[PDB]
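Below is one structure; the comments refer to it alone.
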Amino acid sequence: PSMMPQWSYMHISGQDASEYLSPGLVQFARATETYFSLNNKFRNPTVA
Amino acid sequence: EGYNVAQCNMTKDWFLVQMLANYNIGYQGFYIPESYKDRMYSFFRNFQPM
């Protein structure tokens with residue numbers, strides 16, 4: 001389970017959540033934001 | 001037997017219903033609703049258990 005610098009694998013750094021999901025899932029999430037949350041399940045890393 | 005909440009006499013079910021219908025909260029665990037979405041004649045503001 002260590003075929004890459006593990007930081008990307010654990011989302012310490014790399015691309016944001018809205019760009020590593022099956023886009024259907026993102027459509028589903030943005031389509032039901034109000035009455036059922038999902039936006040606090042995956043972290044988008046930040047890099048200085 | 002098993003149907004009080006917040007050390008009051010109220011049932012869990014009624015509490016859940018009121019929380020939902022007042023703020024769409026409860027399915028994701030309760031917590032104090034934010035200020036602006038809770039005005040003077042709200043529900044949670046005037047909930048005194050004794």
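The chains in the structure tokens are called A, B, ... from first to last as shown; in each chain the residues are counted from 1, and the ligands are counted from 1 in the order shown.
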**OP:** Pick out the chain A residues within 10 Å of chain B. Count only C-alpha atoms. Give them as number ranges by chain.
**Re:** A: 34-37
**OP:** Would you list, as a ChimeraX atom specification, the residues of chain A that end up in helix (DSSP H, G or I) under DSSP run on this structure's backbone?
**Re:** /A:6-9,17-19,23-31
Taking N, CA, C and O atoms for each residue, export the selection above as a tab-separated table (two decimals), in the first residue's frame.
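Once everything was written out, this is again_15.tsv:
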chain	number	residue	atom	x	y	z
A	6	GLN	N	3.64	8.50	0.34
A	6	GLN	CA	2.40	8.18	1.02
A	6	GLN	C	1.59	9.42	1.36
A	6	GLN	O	0.39	9.30	1.62
A	7	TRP	N	2.21	10.59	1.32
A	7	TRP	CA	1.50	11.82	1.66
A	7	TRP	C	0.32	12.05	0.73
A	7	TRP	O	-0.77	12.40	1.18
A	8	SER	N	0.53	11.85	-0.57
A	8	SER	CA	-0.58	11.97	-1.50
A	8	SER	C	-1.64	10.92	-1.21
A	8	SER	O	-2.84	11.18	-1.34
A	9	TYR	N	-1.21	9.72	-0.82
A	9	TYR	CA	-2.17	8.66	-0.55
A	9	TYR	C	-3.04	8.98	0.66
A	9	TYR	O	-4.19	8.53	0.73
A	17	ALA	N	-10.41	17.40	-2.91
A	17	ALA	CA	-11.40	16.33	-2.92
A	17	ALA	C	-12.28	16.40	-4.16
A	17	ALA	O	-12.61	15.37	-4.75
A	18	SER	N	-12.64	17.60	-4.57
A	18	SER	CA	-13.50	17.73	-5.73
A	18	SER	C	-12.84	17.30	-7.01
A	18	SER	O	-13.44	17.46	-8.08
A	19	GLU	N	-11.62	16.76	-6.96
A	19	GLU	CA	-10.92	16.30	-8.14
A	19	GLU	C	-10.31	14.92	-7.97
A	19	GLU	O	-9.46	14.54	-8.78
A	23	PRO	N	-17.02	11.68	-10.49
A	23	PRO	CA	-17.78	12.93	-10.59
A	23	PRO	C	-19.26	12.76	-10.32
A	23	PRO	O	-19.92	13.72	-9.89
A	24	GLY	N	-19.81	11.57	-10.55
A	24	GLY	CA	-21.18	11.33	-10.16
A	24	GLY	C	-21.40	11.58	-8.68
A	24	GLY	O	-22.42	12.15	-8.27
A	25	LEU	N	-20.43	11.17	-7.85
A	25	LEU	CA	-20.56	11.41	-6.42
A	25	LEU	C	-20.59	12.89	-6.11
A	25	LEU	O	-21.36	13.34	-5.26
A	26	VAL	N	-19.74	13.67	-6.78
A	26	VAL	CA	-19.73	15.11	-6.53
A	26	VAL	C	-21.05	15.72	-6.96
A	26	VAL	O	-21.58	16.63	-6.30
A	27	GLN	N	-21.60	15.24	-8.07
A	27	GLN	CA	-22.92	15.72	-8.48
A	27	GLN	C	-23.95	15.44	-7.41
A	27	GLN	O	-24.73	16.32	-7.02
A	28	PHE	N	-23.94	14.22	-6.88
A	28	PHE	CA	-24.87	13.85	-5.82
A	28	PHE	C	-24.71	14.76	-4.61
A	28	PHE	O	-25.69	15.23	-4.04
A	29	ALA	N	-23.47	15.00	-4.20
A	29	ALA	CA	-23.23	15.81	-3.01
A	29	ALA	C	-23.72	17.23	-3.22
A	29	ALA	O	-24.52	17.75	-2.43
A	30	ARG	N	-23.27	17.87	-4.29
A	30	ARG	CA	-23.69	19.25	-4.52
A	30	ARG	C	-25.18	19.36	-4.79
A	30	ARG	O	-25.72	20.47	-4.74
A	31	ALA	N	-25.86	18.25	-5.07
A	31	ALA	CA	-27.29	18.30	-5.31
A	31	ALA	C	-28.13	18.09	-4.06
A	31	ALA	O	-29.35	18.24	-4.14
Subject >> residue 4 in chain B surroundings by only C-alpha atoms, 12 Å radius, close-in-sequence under 6 positions cut, as a list in words >> reply: residues 10, 11, 12, 13, 14, 15, 16 and 49 of chain B
**OP:** Tell me which of B:7, B:47, B:19, B:1 sits closest to residue 31 in chain B, counting only C-alpha atoms.
**Re:**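 Going through B:7, B:47, B:19, B:1 one by one, the smallest distance to residue 31 in chain B is for B:19.
Coordinates place CA of residue 41 in chain A at a distance of 24.1 Å from CA of residue 3 in chain A.
Residues surrounding residue 45 in chain A within 8 Å are residues 11, 12, 13, 14, 15, 16, 43 and 47 of chain A [only C-alpha atoms; sequence separation below 2 positions excluded].
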Residues from last step as file, N, CA and C atoms, as a CSV table (one decimal), in the first residue's frame:
chain,number,residue,atom,x,y,z
A,11,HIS,N,-3.7,12.2,1.5
A,11,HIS,CA,-4.2,13.5,1.3
A,11,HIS,C,-3.5,14.6,2.2
A,12,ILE,N,-2.3,14.3,2.6
A,12,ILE,CA,-1.5,15.4,3.2
A,12,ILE,C,-1.2,16.5,2.2
A,13,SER,N,-1.0,16.1,1.0
A,13,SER,CA,-0.8,17.0,-0.1
A,13,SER,C,-1.3,16.4,-1.4
A,14,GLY,N,-1.5,17.3,-2.4
A,14,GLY,CA,-2.0,16.8,-3.7
A,14,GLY,C,-3.2,17.6,-4.1
A,15,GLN,N,-4.0,16.9,-4.9
A,15,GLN,CA,-5.2,17.5,-5.4
A,15,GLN,C,-6.4,17.5,-4.4
A,16,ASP,N,-7.3,18.4,-4.6
A,16,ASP,CA,-8.4,18.6,-3.7
A,16,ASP,C,-9.5,17.4,-3.8
A,43,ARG,N,-10.7,15.6,3.5
A,43,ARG,CA,-10.0,16.8,3.7
A,43,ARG,C,-9.2,17.2,2.4
A,47,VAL,N,-1.1,23.6,1.0
A,47,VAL,CA,0.4,23.7,0.9
A,47,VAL,C,0.8,25.1,0.7
**OP:** Could you check how far CA of residue 34 in chain B sits from CA of residue 20 in chain B, in Å to one decimal?
**Re:**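 Going from CA of residue 34 in chain B over to CA of residue 20 in chain B covers 14.3 Å.
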Original post:
Leaving out residue 36 in chain B and any residue of its chain fewer than 6 positions from it, which residues lie within 12 Å of it when counting only C-alpha atoms, given as a VMD selection string?
Top reply: chain B and resid 23 42 45
Could the residues in this selection be written to a file with N, CA, C and O atoms, as a PDB file, in the first residue's frame?
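Written file, out09.pdb:
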ATOM      1  N   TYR B  23     -35.143  23.400  12.652  1.00  0.00           N
ATOM      2  CA  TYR B  23     -33.860  23.794  12.086  1.00  0.00           C
ATOM      3  C   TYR B  23     -33.272  22.789  11.110  1.00  0.00           C
ATOM      4  O   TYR B  23     -32.128  22.977  10.683  1.00  0.00           O
ATOM      5  N   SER B  42     -38.022  31.658  18.780  1.00  0.00           N
ATOM      6  CA  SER B  42     -37.625  30.371  18.244  1.00  0.00           C
ATOM      7  C   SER B  42     -38.088  29.298  19.218  1.00  0.00           C
ATOM      8  O   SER B  42     -38.902  29.548  20.107  1.00  0.00           O
ATOM      9  N   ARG B  45     -34.344  28.741  22.106  1.00  0.00           N
ATOM     10  CA  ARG B  45     -33.982  29.836  22.999  1.00  0.00           C
ATOM     11  C   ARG B  45     -34.717  29.748  24.325  1.00  0.00           C
ATOM     12  O   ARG B  45     -34.167  30.118  25.367  1.00  0.00           O
TER      13      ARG B  45
END
